[PDB]
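J.: Quick one: the structure is below, questions incoming.
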Amino acid sequence: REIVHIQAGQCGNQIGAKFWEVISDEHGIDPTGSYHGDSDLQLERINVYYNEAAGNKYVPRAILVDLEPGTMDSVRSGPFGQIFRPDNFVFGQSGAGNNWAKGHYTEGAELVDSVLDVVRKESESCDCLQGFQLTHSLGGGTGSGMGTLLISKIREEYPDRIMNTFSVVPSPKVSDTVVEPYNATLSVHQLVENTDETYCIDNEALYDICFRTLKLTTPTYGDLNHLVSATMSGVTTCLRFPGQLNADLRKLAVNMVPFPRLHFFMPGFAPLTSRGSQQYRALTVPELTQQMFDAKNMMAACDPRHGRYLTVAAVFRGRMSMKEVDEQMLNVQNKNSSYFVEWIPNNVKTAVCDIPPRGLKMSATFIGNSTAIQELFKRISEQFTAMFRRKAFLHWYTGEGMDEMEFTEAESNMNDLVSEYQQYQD
Amino acid sequence: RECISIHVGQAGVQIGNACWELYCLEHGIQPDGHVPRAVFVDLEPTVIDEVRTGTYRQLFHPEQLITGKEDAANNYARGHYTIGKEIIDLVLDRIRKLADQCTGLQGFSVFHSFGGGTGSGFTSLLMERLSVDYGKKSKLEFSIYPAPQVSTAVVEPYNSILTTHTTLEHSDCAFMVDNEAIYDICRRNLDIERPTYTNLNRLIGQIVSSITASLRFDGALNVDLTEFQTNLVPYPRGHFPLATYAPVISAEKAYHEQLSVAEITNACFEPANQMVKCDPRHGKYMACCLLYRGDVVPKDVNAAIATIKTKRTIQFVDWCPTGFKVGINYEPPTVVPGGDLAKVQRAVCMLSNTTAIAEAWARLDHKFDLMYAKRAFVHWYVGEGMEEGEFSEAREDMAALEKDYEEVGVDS
Ligand SMILES: CC(=O)O[C@H]1C(=O)[C@@]2(C)[C@H]([C@H](OC(=O)c3ccccc3)[C@]3(O)C[C@H](OC(=O)[C@H](O)[C@@H](NC(=O)c4ccccc4)c4ccccc4)C(C)=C1C3(C)C)[C@]1(OC(C)=O)CO[C@@H]1C[C@@H]2O
Ligand SMILES: Nc1nc2c(ncn2[C@@H]2O[C@H](COP(=O)(O)OP(=O)(O)OP(=O)(O)O)[C@@H](O)[C@H]2O)c(=O)[nH]1
Ligand SMILES: Nc1nc2c(ncn2[C@@H]2O[C@H](COP(=O)(O)OP(=O)(O)O)[C@@H](O)[C@H]2O)c(=O)[nH]1
Ligand SMILES: [Mg+2]
Ligand SMILES: [Zn+2]
């Protein structure tokens with residue numbers, strides 16, 4: 001099987017560097033080097049993310065889409081930056097304006113064809129394609145607009161292969177941009193209707209989880225990114241490993257989406273202990289479920305405790321008892337019968353790889369489909385209206401060839417999306 | 001004389017590798033000896049690959065190892081219809097190529113995992129295409145039906161109410177081994193909170209050895225495969241008996257091993273030892289096939305059973321005077337060199353049809369409704385060449401399986 005990553009925008013891009021920083025080491029691939037793999041198993045399934053050309057050069061099969069040179073020229077001028085074949089860099093030296101409209105209708109719409117071109121060169125690579133990984137932020141141009149287009153096109157070209165989306169939904173407390181809800185509401189819209197698996201991460205849900213669950217005092221972006229990339233590795237790549245009970249994107253999809261919206265999840269990693277001290281090793285297993293299922297530790301902003309779950313997928317990856325795994329999951333399902341929805345006898349989807357995260361003994365990625373994420377699109381949707389009402393920075397959109405009915409559309413859509421999700425919380 | 005076997009679904013393949021292990025182990029045929037007599041099907045390469053990479057690597061022909069690099073999908077539909085279809089031909093071909101090479105066979109011991117994609121769906125049509133190509137044989141499918149509370153897949157029931165209805169009108173005798181109810185045995189009758197799948201497999205890998213292996217093997221009271229279905233199914237519904245083993249004692253902890261027949265047979269009817277969460281909560285047995293192996297005196301049996309026939313609290317069906325098929329083999333069991341199985345010199349792999357499953361099916365049917373009641377993951381099948389028909393019409397199916405297993409009992 002296979003997949004083809006997609007680094008839309010700067011963020012989605014910045015993260016690319018971290019997702020590939022990791023993944024590679026979790027596959028023994030040095031900058032341009034080959035497979036130094038401490039083992040021999042980190043190779044029989046690599047294909048999922050690379051391509052064979054030389055014999056020591058397995059190049060990441062991702063796409064780097066962005067209308068701001070400097071960015072990709074920071075990712076390509078640093079560490080692992082020199083492993084991507086230049087063909088991968090689909091830049092847009094234009095003005096990468098922070099407008100969803102500027103990267104979806106006017107500026108991005110041009111650079112698109114020169115992207116799809118490659119997304120096809122990579123898809124028609126070899127063997128059988130599974131789906132595409134998509135990273136980006138719903139709070140900017142090259143991210144929400146242009147990346148949200150990249151998919152609307154992808155999903156017309158292969159409505160068969162899957163589409164996981166890793167979105168950095170606009171954090172609450174403080175917005176790292178101003179129109180944010182504009183660029184956001186507009187991209188979520190496109191998401192709820194193309195990709196079929198979305199993993200929403202919040203820069204501040206991370207800080208928290210990174211400053212209190214990792215006594216880490218100076219959580220640089222690199223970190224946040226790093227933590228995130230840690231989860232997306234547990235998801236995909238991982239399951240493309242052996243296991244007593246293994247799954248793969250689809251299983252994950254076909255066990256997690258009760259209703260076609262596409263629904264968004266909230267990823268959570270397992271061993272998340274501070275370096276030295278904490279290295280408690282309390283990782284027998286009840287310790288991992290202890291972790292994963294708590295409020296804090298959910299990369300999302302919202303707290304599960306604020307709304308039932310529809311599905312859950314503990315994708316563990318480290319030798320354990322299909323008994324102490326299958327078992328724990330249960331008590332968990334009974335101690336919290338309250339929030340776990342009922343019309344699904346077994347919400348949880350236990351998954352079990354074998355080999356764990358390179359240096360760790362036992363981990364377990366968590367992919368939750370809780371109704372709690374209602375209380376986020378609400379947020380976003382609110383911010384919109386409060387500012388849409390006055391058409392705040394709307395001239396930067398319309399003036400870019402947009403529509404007063406376009407914004408209406410998205411909000412509503414994504415706004416209805418909130419509605420539905422409640423239809424199950426009850 | 002023989003009995004081919006088709007291990008379908010990752011699980012049916014893991015269990016397969018296991019049951020297949022125990023085999024050579026008690027036949028003195030190391031890694032590289034003769035030639036198996038089965039096949040392996042899966043729509044996820046990486047798993048059958050485990051049989052291609054791991055142990056018992058060269059004991060198979062890359063011809064009896066079928067794979068569909070494509071996608072597994074934990075959904076019946078896709079595995080049965082859409083994808084699973086493409087492979088079937090090829091699959092069949094082997095069970096027609098392997099079915100020819102032999103000499104007057106008896107049937108195909110099928111190994112699948114009820115609630116899976118490749119295991120539920122696919123087989124559904126595999127057994128389907130068999131019942132027509134060899135209606136004149138035995139179709140005993142050995143299943144691992146849905147843990148009563150510890151299921152895995154979110155949809156499981158969708159996949160198991162569908163493998164039951166499609167296979168029902170095609171199997172001869174469906175053996176059942178409950179994944180969870182086997183754990184209990186690993187906790188309560190062997191002690192270990194560290195049971196790897198690789199163990200449950202060693203277990204069924206045992207109970208199964210008692211079925212084919214040893215039985216098709218000479219003895220003081222041989223029992224052919226046909227024998228089963230005959231002495232085991234009272235009615236055409238591909239009736240599903242339950243597998244049970246007796247000396248499930250730990251090869252470390254306790255040691256009373258020397259547990260004469262009189263004991264090991266009583267240890268079969270206590271509900272805490274039956275590889276199935278179908279505790280005889282009321283289910284009246286209606287036929288049991290006590291397969292013994294090792295040093296056993298026919299009188300010991302034709303007495304140990306007599307004592308039972310008169311315990312009454314073990315209430316057998318009405319319309320059934322005597323429902324005890326005593327199968328005696330010679331060669332004692334054969335435990336893994338150093339797993340965790342005791343290793344006695346006699347065992348009792350008793351299987352049976354019990355009005356008990358009236359439960360197990362019930363509890364699994366109900367599940368289904370809850371979700372169907374909201375269509376839950378329905379769009380996943382529809383979009384895979386299925387319809388509101390196949391679901392609703394396979395629900396009605398089992399409905400008359402809840403009435404069937406009710407009527408054939410509870411009444412006189
Ligand atoms: C001596 C020793 O055992 O060190 C550990 C360690 O101290 C701890 C604290 C690690 C450490 O992780 C962090 O401090 C961290 C930093 C930024 C963001 C997130 C986490 C570690 O850096 C991370 C590193 O993780 C791995 O090696 C995994 O394979 C992981 N790899 C990466 O994230 C990675 C990092 C740099 C470069 C390339 C990859 C992984 C996890 C999931 C999927 C794929 C890969 C490990 C076990 C450790 C150190 C090295 C200190 C922990 O994290 C992980 C992801 O394992 C933090 O809590 C866990 C518990 C570990 O015990
Ligand atoms: N006893 C036993 N049960 C197993 C084993 N592997 C899986 N199972 C059980 O069988 C079911 C899992 O089926 P899956 O592995 O998801 O799927 P599959 O049937 O192989 O086919 P796909 O869905 O297409 O992958 C669960 O109920 C597991 O508890 C095994 O090795 N032994
Ligand atoms: N986790 C994370 N968030 C980022 C990174 N870079 C920008 N962001 C977030 O992305 C939003 C800004 O969008 P941006 O990526 O600049 O848009 P674009 O570059 O025009 O497509 C803010 O909410 C930031 O917190 C990053 O490297 N990691
Ligand atoms: Mg499988
Ligand atoms: Zn003794």
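We name chains A, B, ... following the order of the structure tokens; residues begin at 1 in each chain, and ligands are numbered from 1 as shown.
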List all protein, DNA and RNA residues that have at least one atom no more than 8 Å from any atom of ligand 1, counting only C-alpha atoms and all ligand atoms, and write them as a short mmCIF file (atom, residue, chain, number, x, y, z; two decimals) with N, CA, C and O atoms, in the first residue's frame.
T.:
data_model
loop_
_atom_site.label_atom_id
_atom_site.label_comp_id
_atom_site.auth_asym_id
_atom_site.auth_seq_id
_atom_site.Cartn_x
_atom_site.Cartn_y
_atom_site.Cartn_z
N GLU A 21 11.10 14.70 9.82
CA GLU A 21 12.26 14.64 10.69
C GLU A 21 12.10 13.31 11.40
O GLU A 21 12.97 12.45 11.35
N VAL A 22 10.96 13.16 12.06
CA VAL A 22 10.62 11.96 12.81
C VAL A 22 10.62 10.73 11.92
O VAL A 22 11.62 10.02 11.79
N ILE A 23 9.46 10.49 11.31
CA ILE A 23 9.22 9.38 10.42
C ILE A 23 10.48 8.76 9.83
O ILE A 23 10.62 7.53 9.81
N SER A 24 11.40 9.59 9.34
CA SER A 24 12.63 9.08 8.75
C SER A 24 13.39 8.23 9.75
O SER A 24 13.70 7.07 9.48
N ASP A 25 13.69 8.82 10.91
CA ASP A 25 14.40 8.13 12.00
C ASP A 25 13.63 6.87 12.38
O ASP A 25 14.21 5.87 12.82
N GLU A 26 12.31 6.92 12.22
CA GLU A 26 11.42 5.80 12.51
C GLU A 26 11.42 4.92 11.26
O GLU A 26 10.52 4.12 11.03
N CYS A 210 2.19 20.38 26.64
CA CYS A 210 3.63 20.39 26.45
C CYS A 210 4.38 21.13 27.55
O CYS A 210 5.60 20.99 27.67
N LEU A 214 4.91 17.81 30.14
CA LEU A 214 6.33 17.80 29.81
C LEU A 214 6.68 19.09 30.51
O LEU A 214 6.36 20.16 30.01
N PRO A 219 8.64 25.75 25.25
CA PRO A 219 8.12 24.97 24.14
C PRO A 219 8.14 25.71 22.81
O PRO A 219 7.17 26.36 22.43
N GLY A 222 9.06 24.21 17.00
CA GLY A 222 9.67 22.94 16.64
C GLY A 222 9.11 21.82 17.49
O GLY A 222 8.80 20.72 17.00
N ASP A 223 8.97 22.10 18.78
CA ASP A 223 8.45 21.12 19.71
C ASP A 223 7.03 20.77 19.34
O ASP A 223 6.78 19.66 18.87
N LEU A 224 6.10 21.70 19.55
CA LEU A 224 4.71 21.46 19.22
C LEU A 224 4.66 20.56 18.00
O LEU A 224 4.11 19.45 18.04
N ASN A 225 5.24 21.07 16.92
CA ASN A 225 5.29 20.34 15.66
C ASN A 225 5.73 18.91 15.93
O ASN A 225 5.08 17.94 15.54
N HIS A 226 6.87 18.80 16.60
CA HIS A 226 7.43 17.52 16.94
C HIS A 226 6.43 16.59 17.63
O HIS A 226 6.34 15.40 17.30
N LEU A 227 5.70 17.11 18.60
CA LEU A 227 4.71 16.32 19.31
C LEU A 227 3.63 15.82 18.36
O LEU A 227 3.29 14.63 18.35
N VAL A 228 3.13 16.74 17.56
CA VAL A 228 2.09 16.43 16.57
C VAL A 228 2.56 15.29 15.66
O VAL A 228 1.91 14.24 15.57
N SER A 229 3.68 15.55 15.01
CA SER A 229 4.31 14.61 14.07
C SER A 229 4.46 13.23 14.70
O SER A 229 4.55 12.21 14.00
N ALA A 230 4.49 13.23 16.02
CA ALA A 230 4.64 11.99 16.81
C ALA A 230 3.37 11.14 16.70
O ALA A 230 3.44 9.90 16.68
N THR A 231 2.26 11.84 16.63
CA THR A 231 0.93 11.21 16.57
C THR A 231 0.62 10.70 15.16
O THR A 231 0.10 9.58 14.99
N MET A 232 0.93 11.51 14.17
CA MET A 232 0.65 11.17 12.77
C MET A 232 1.53 9.99 12.31
O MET A 232 1.29 9.38 11.26
N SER A 233 2.54 9.70 13.11
CA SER A 233 3.45 8.58 12.83
C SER A 233 2.87 7.28 13.40
O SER A 233 3.01 6.20 12.81
N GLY A 234 2.21 7.45 14.53
CA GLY A 234 1.55 6.34 15.24
C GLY A 234 0.36 5.86 14.41
O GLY A 234 0.08 4.65 14.34
N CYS A 238 2.86 3.60 11.30
CA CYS A 238 2.76 2.58 12.32
C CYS A 238 1.99 1.37 11.82
O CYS A 238 2.57 0.30 11.62
N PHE A 269 -1.17 11.06 22.15
CA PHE A 269 -0.06 10.12 22.23
C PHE A 269 -0.08 9.45 23.59
O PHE A 269 -0.72 9.94 24.53
N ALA A 270 0.64 8.33 23.71
CA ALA A 270 0.68 7.60 24.98
C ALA A 270 1.75 8.03 25.96
O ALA A 270 1.52 8.93 26.76
N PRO A 271 2.95 7.43 25.89
CA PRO A 271 3.93 7.87 26.88
C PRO A 271 4.28 9.32 26.70
O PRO A 271 5.04 9.67 25.81
N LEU A 272 3.71 10.18 27.53
CA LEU A 272 4.03 11.58 27.42
C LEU A 272 4.55 12.03 28.77
O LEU A 272 3.91 12.80 29.50
N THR A 273 5.73 11.54 29.11
CA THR A 273 6.36 11.87 30.39
C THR A 273 7.60 12.75 30.21
O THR A 273 8.33 12.62 29.23
N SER A 274 7.84 13.66 31.15
CA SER A 274 8.99 14.55 31.09
C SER A 274 10.27 13.73 31.06
O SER A 274 10.30 12.61 31.59
N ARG A 275 11.33 14.26 30.47
CA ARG A 275 12.58 13.49 30.33
C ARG A 275 13.10 12.71 31.54
O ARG A 275 12.55 11.66 31.89
N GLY A 276 14.18 13.19 32.16
CA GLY A 276 14.76 12.50 33.30
C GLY A 276 13.80 11.85 34.28
O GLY A 276 13.35 10.74 34.04
N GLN A 278 10.38 11.85 35.67
CA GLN A 278 9.16 11.18 35.25
C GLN A 278 9.32 9.79 34.66
O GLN A 278 8.44 8.96 34.88
N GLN A 279 10.42 9.54 33.93
CA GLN A 279 10.78 8.27 33.29
C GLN A 279 10.48 7.17 34.30
O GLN A 279 11.34 6.41 34.75
N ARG A 281 8.28 4.77 33.69
CA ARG A 281 8.07 3.48 33.05
C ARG A 281 6.72 2.93 33.40
O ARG A 281 6.41 1.83 32.99
N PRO A 356 7.49 -0.74 18.55
CA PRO A 356 7.12 0.55 19.12
C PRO A 356 7.94 1.72 18.59
O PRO A 356 8.78 1.56 17.71
N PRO A 357 7.70 2.93 19.12
CA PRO A 357 8.46 4.09 18.66
C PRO A 357 9.93 3.87 18.99
O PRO A 357 10.32 3.83 20.15
N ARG A 358 10.72 3.72 17.93
CA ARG A 358 12.15 3.47 18.02
C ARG A 358 12.70 3.33 19.44
O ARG A 358 12.95 2.21 19.89
N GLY A 359 12.89 4.44 20.14
CA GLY A 359 13.47 4.38 21.47
C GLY A 359 12.60 4.04 22.68
O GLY A 359 13.10 3.93 23.80
N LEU A 360 11.31 3.83 22.46
CA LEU A 360 10.40 3.55 23.56
C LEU A 360 10.00 2.08 23.65
O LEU A 360 10.14 1.32 22.69
N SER A 363 3.91 2.39 23.40
CA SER A 363 3.14 3.60 23.11
C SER A 363 1.79 3.22 22.53
O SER A 363 1.51 2.04 22.30
#
J.: For residue 300 in chain B, please output as a ChimeraX atom specification all residues within 9 Å (counting only C-alpha atoms; exclusion window: fewer than 6 positions along the same chain).
T.: /B:260-262
J.: Taking only C-alpha atoms and all ligand atoms into account, report as an mmCIF file with C-alpha atoms, in the first residue's frame which residues have an atom no farther than 7 Å from an atom of ligand 3.
T.:
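Final output, saved to out16.cif:
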data_model
loop_
_atom_site.group_PDB
_atom_site.id
_atom_site.type_symbol
_atom_site.label_atom_id
_atom_site.label_comp_id
_atom_site.auth_asym_id
_atom_site.auth_seq_id
_atom_site.Cartn_x
_atom_site.Cartn_y
_atom_site.Cartn_z
ATOM 1 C CA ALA A 8 0.126 22.912 2.271
ATOM 2 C CA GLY A 9 1.057 26.417 3.375
ATOM 3 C CA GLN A 10 3.870 27.377 5.752
ATOM 4 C CA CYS A 11 2.566 25.708 8.865
ATOM 5 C CA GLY A 12 1.593 22.534 7.100
ATOM 6 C CA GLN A 14 6.969 23.727 8.881
ATOM 7 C CA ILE A 15 5.333 20.588 10.271
ATOM 8 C CA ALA A 96 1.283 34.683 -0.395
ATOM 9 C CA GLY A 97 -1.261 37.084 1.124
ATOM 10 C CA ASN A 98 -2.964 35.898 4.292
ATOM 11 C CA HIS A 136 -1.826 22.813 7.059
ATOM 12 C CA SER A 137 -3.388 25.513 9.192
ATOM 13 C CA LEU A 138 -6.903 26.812 8.777
ATOM 14 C CA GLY A 139 -5.751 30.304 9.643
ATOM 15 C CA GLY A 140 -4.038 31.658 6.535
ATOM 16 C CA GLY A 141 -3.844 31.760 2.752
ATOM 17 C CA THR A 142 -1.556 29.009 1.501
ATOM 18 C CA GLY A 143 -2.987 26.843 4.230
ATOM 19 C CA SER A 144 -6.755 26.964 4.355
ATOM 20 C CA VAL A 168 -4.290 23.241 12.996
ATOM 21 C CA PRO A 170 -7.449 28.258 15.244
ATOM 22 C CA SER A 171 -6.510 28.041 18.901
ATOM 23 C CA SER A 175 -5.331 33.915 17.629
ATOM 24 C CA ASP A 176 -1.992 33.999 15.836
ATOM 25 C CA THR A 177 -3.747 35.915 13.067
ATOM 26 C CA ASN A 203 -1.211 25.189 19.178
ATOM 27 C CA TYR A 221 7.267 25.650 17.726
ATOM 28 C CA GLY A 222 9.669 22.939 16.639
ATOM 29 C CA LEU A 224 4.706 21.456 19.223
ATOM 30 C CA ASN A 225 5.286 20.341 15.661
#
J.: For ligand 5, which of B:351, B:410, B:399, B:254 is the closest residue, counting only C-alpha atoms and all ligand atoms?
T.: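 For ligand 5, the nearest of the given residues is B:254.
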J.: Could you write out as a ChimeraX atom specification the residues of chain B within 9 Å of chain A, counting only C-alpha atoms?
T.: /B:10-11,14,46-47,50,69-75,149-156,180,183,193-198,367-371,373-380
J.: Take the residues that were just selected and, keeping N, CA and C atoms, output them as a short mmCIF file (atom, residue, chain, number, x, y, z; two decimals), in the first residue's frame.
T.:
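Now in part_19.cif:
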data_model
loop_
_atom_site.label_atom_id
_atom_site.label_comp_id
_atom_site.auth_asym_id
_atom_site.auth_seq_id
_atom_site.Cartn_x
_atom_site.Cartn_y
_atom_site.Cartn_z
N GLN B 10 -6.84 -12.33 8.49
CA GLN B 10 -5.62 -12.32 9.28
C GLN B 10 -5.74 -13.31 10.41
N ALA B 11 -6.76 -13.13 11.24
CA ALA B 11 -6.97 -14.01 12.38
C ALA B 11 -6.96 -15.48 11.98
N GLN B 14 -3.63 -16.42 11.62
CA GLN B 14 -2.79 -16.45 12.81
C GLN B 14 -3.09 -17.76 13.53
N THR B 46 0.63 -7.85 4.29
CA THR B 46 1.48 -7.94 5.46
C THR B 46 1.23 -9.10 6.43
N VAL B 47 0.00 -9.61 6.51
CA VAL B 47 -0.29 -10.72 7.44
C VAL B 47 0.07 -12.12 6.95
N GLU B 50 3.50 -12.74 7.05
CA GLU B 50 4.05 -13.26 8.30
C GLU B 50 4.26 -14.76 8.22
N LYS B 69 -2.90 -7.63 -2.35
CA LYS B 69 -2.17 -6.42 -1.96
C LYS B 69 -3.06 -5.23 -1.64
N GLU B 70 -4.23 -5.23 -2.26
CA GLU B 70 -5.20 -4.17 -2.10
C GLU B 70 -5.53 -3.83 -0.67
N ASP B 71 -6.81 -3.74 -0.36
CA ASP B 71 -7.21 -3.34 0.97
C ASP B 71 -8.14 -4.33 1.68
N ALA B 72 -7.89 -4.52 2.97
CA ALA B 72 -8.69 -5.42 3.78
C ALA B 72 -10.10 -4.87 4.03
N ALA B 73 -10.17 -3.79 4.80
CA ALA B 73 -11.42 -3.11 5.13
C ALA B 73 -12.23 -3.87 6.13
N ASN B 74 -12.37 -3.34 7.33
CA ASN B 74 -13.13 -4.08 8.32
C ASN B 74 -14.61 -4.06 8.07
N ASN B 75 -14.96 -4.25 6.81
CA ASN B 75 -16.35 -4.28 6.45
C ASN B 75 -16.70 -5.38 5.47
N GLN B 149 -18.20 -8.86 25.11
CA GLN B 149 -18.13 -7.48 25.59
C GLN B 149 -16.84 -6.84 25.16
N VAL B 150 -15.87 -7.69 24.85
CA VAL B 150 -14.55 -7.25 24.45
C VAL B 150 -14.35 -7.39 22.96
N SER B 151 -15.21 -6.75 22.17
CA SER B 151 -15.06 -6.85 20.72
C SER B 151 -13.95 -5.87 20.35
N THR B 152 -13.58 -5.86 19.08
CA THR B 152 -12.54 -4.96 18.64
C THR B 152 -13.12 -3.96 17.66
N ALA B 153 -13.33 -4.41 16.42
CA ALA B 153 -13.90 -3.56 15.38
C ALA B 153 -15.12 -2.86 15.95
N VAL B 154 -15.38 -1.66 15.45
CA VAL B 154 -16.51 -0.89 15.91
C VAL B 154 -17.78 -1.44 15.33
N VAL B 155 -17.67 -2.00 14.14
CA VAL B 155 -18.80 -2.56 13.43
C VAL B 155 -19.07 -4.04 13.67
N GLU B 156 -18.03 -4.80 14.03
CA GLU B 156 -18.10 -6.24 14.31
C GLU B 156 -19.43 -6.92 14.01
N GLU B 180 -12.87 -14.01 23.89
CA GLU B 180 -12.85 -13.58 25.30
C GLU B 180 -12.94 -14.75 26.27
N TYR B 183 -9.90 -16.18 27.20
CA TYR B 183 -9.02 -15.42 28.07
C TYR B 183 -9.27 -15.86 29.50
N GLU B 193 -1.87 -12.96 32.98
CA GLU B 193 -2.57 -11.77 32.52
C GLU B 193 -1.81 -11.26 31.30
N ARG B 194 -0.87 -12.09 30.85
CA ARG B 194 -0.03 -11.81 29.69
C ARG B 194 -0.37 -12.80 28.56
N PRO B 195 -1.64 -12.86 28.14
CA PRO B 195 -1.95 -13.80 27.06
C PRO B 195 -1.84 -13.14 25.70
N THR B 196 -0.82 -13.50 24.94
CA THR B 196 -0.64 -12.94 23.62
C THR B 196 -1.59 -13.69 22.70
N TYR B 197 -1.99 -13.06 21.60
CA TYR B 197 -2.87 -13.71 20.66
C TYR B 197 -2.25 -15.05 20.36
N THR B 198 -0.92 -15.05 20.28
CA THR B 198 -0.17 -16.26 20.00
C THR B 198 -0.50 -17.40 20.98
N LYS B 367 -26.95 -6.10 19.34
CA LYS B 367 -25.86 -5.18 18.99
C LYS B 367 -26.19 -4.52 17.67
N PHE B 368 -26.20 -5.36 16.64
CA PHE B 368 -26.48 -4.99 15.26
C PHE B 368 -27.57 -3.92 15.15
N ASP B 369 -28.76 -4.27 15.61
CA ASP B 369 -29.90 -3.36 15.57
C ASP B 369 -29.52 -1.97 16.03
N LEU B 370 -29.06 -1.88 17.27
CA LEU B 370 -28.70 -0.60 17.81
C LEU B 370 -28.06 0.30 16.77
N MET B 371 -27.06 -0.22 16.08
CA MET B 371 -26.36 0.56 15.06
C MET B 371 -27.15 0.73 13.79
N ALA B 373 -30.15 0.64 13.52
CA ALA B 373 -31.23 1.52 13.90
C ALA B 373 -30.89 2.97 13.57
N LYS B 374 -29.60 3.24 13.37
CA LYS B 374 -29.14 4.59 13.05
C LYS B 374 -28.27 4.60 11.81
N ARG B 375 -28.21 3.44 11.17
CA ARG B 375 -27.44 3.27 9.96
C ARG B 375 -25.94 3.33 10.21
N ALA B 376 -25.56 3.80 11.39
CA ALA B 376 -24.16 3.93 11.74
C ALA B 376 -23.28 3.80 10.51
N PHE B 377 -22.33 2.89 10.53
CA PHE B 377 -21.40 2.73 9.41
C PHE B 377 -22.01 2.05 8.20
N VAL B 378 -23.24 2.42 7.86
CA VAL B 378 -23.87 1.79 6.72
C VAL B 378 -23.28 2.31 5.43
N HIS B 379 -23.09 3.61 5.33
CA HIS B 379 -22.56 4.15 4.09
C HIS B 379 -21.28 3.48 3.65
N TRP B 380 -20.66 2.72 4.54
CA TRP B 380 -19.41 2.07 4.21
C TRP B 380 -19.62 0.83 3.43
#
J.: Suppose you want the space between atom 4 (C, counted along the ligand's line) of ligand 2 and CA of residue 339 in chain B; what is it in Å?
T.: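 CA of residue 339 in chain B lies 18.1 Å from atom 4 (C, counted along the ligand's line) of ligand 2.
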J.: So how far away is atom 30 (C, counted along the ligand's line) of ligand 2 from CA of residue 283 in chain B, in Å?
T.: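 Going from CA of residue 283 in chain B over to atom 30 (C, counted along the ligand's line) of ligand 2, I get 27.0 Å.
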J.: DSSP says helix (DSSP H, G or I) for which residues of range 118-349 of chain A? Put them as a ChimeraX atom specification?
T.: /A:118-123,141-157,181-191,203-211,221-239,249-256,286-292,304-306,322-335
J.: Identify all residues of range 119-195 of chain A in strand (DSSP E or B) (DSSP on the backbone) and supply them as an NGL selection string.
T.: :A and (131-136 or 162-167)
J.: I'd like the contact shell of residue 107 in chain A - 10 Å cut-off, only C-alpha atoms, skipping same-chain residues fewer than 4 positions apart - returned as a PyMOL selection string.
T.: chain A and resi 67+92-97+99-103+111-112+141-142+145-146+400
J.: Pick out the closest residue to ligand 2 from this set: B:366, B:253, B:284, B:202. Count only C-alpha atoms and all ligand atoms.
T.: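 Among the listed residues, the smallest separation from ligand 2 belongs to B:202.
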J.: Within 9 Å of residue 370 in chain A, counting only C-alpha atoms, which residues qualify if same-chain residues fewer than 3 places away don't, as a ChimeraX atom specification?
T.: /A:264-266,304,307-312,340,373-374,421,425
J.: For the selection just defined, write its residues with C-alpha atoms to a file, as a PDB file, in the first residue's frame.
T.:
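Written file, selection_21.pdb:
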ATOM      1  CA  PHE A 264     -12.844  15.217  12.775  1.00  0.00           C
ATOM      2  CA  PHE A 265     -10.879  13.477  15.453  1.00  0.00           C
ATOM      3  CA  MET A 266      -8.490  14.508  18.173  1.00  0.00           C
ATOM      4  CA  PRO A 304     -13.762  14.991  25.809  1.00  0.00           C
ATOM      5  CA  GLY A 307     -19.243  15.375  25.102  1.00  0.00           C
ATOM      6  CA  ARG A 308     -19.718  11.684  24.274  1.00  0.00           C
ATOM      7  CA  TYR A 309     -17.563   9.771  21.837  1.00  0.00           C
ATOM      8  CA  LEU A 310     -18.718   7.988  18.705  1.00  0.00           C
ATOM      9  CA  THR A 311     -15.569   6.088  18.072  1.00  0.00           C
ATOM     10  CA  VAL A 312     -12.131   5.674  19.497  1.00  0.00           C
ATOM     11  CA  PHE A 340     -19.146   7.233  25.191  1.00  0.00           C
ATOM     12  CA  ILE A 373     -15.391  18.888  18.995  1.00  0.00           C
ATOM     13  CA  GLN A 374     -18.758  20.506  18.593  1.00  0.00           C
ATOM     14  CA  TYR A 421     -22.604  16.497  15.805  1.00  0.00           C
ATOM     15  CA  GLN A 425     -24.354  13.785  22.009  1.00  0.00           C
TER      16      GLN A 425
END
J.: Would you pick out the contacts of residue 50 in chain A at 12 Å or less, using only C-alpha atoms, so that residues sharing its chain but fewer than 5 positions from it are not included, and give the list as a ChimeraX atom specification?
T.: /A:1-5,20,23-24,27,29,34-35,43-45,55-62,83-85,122-123,125-127,237
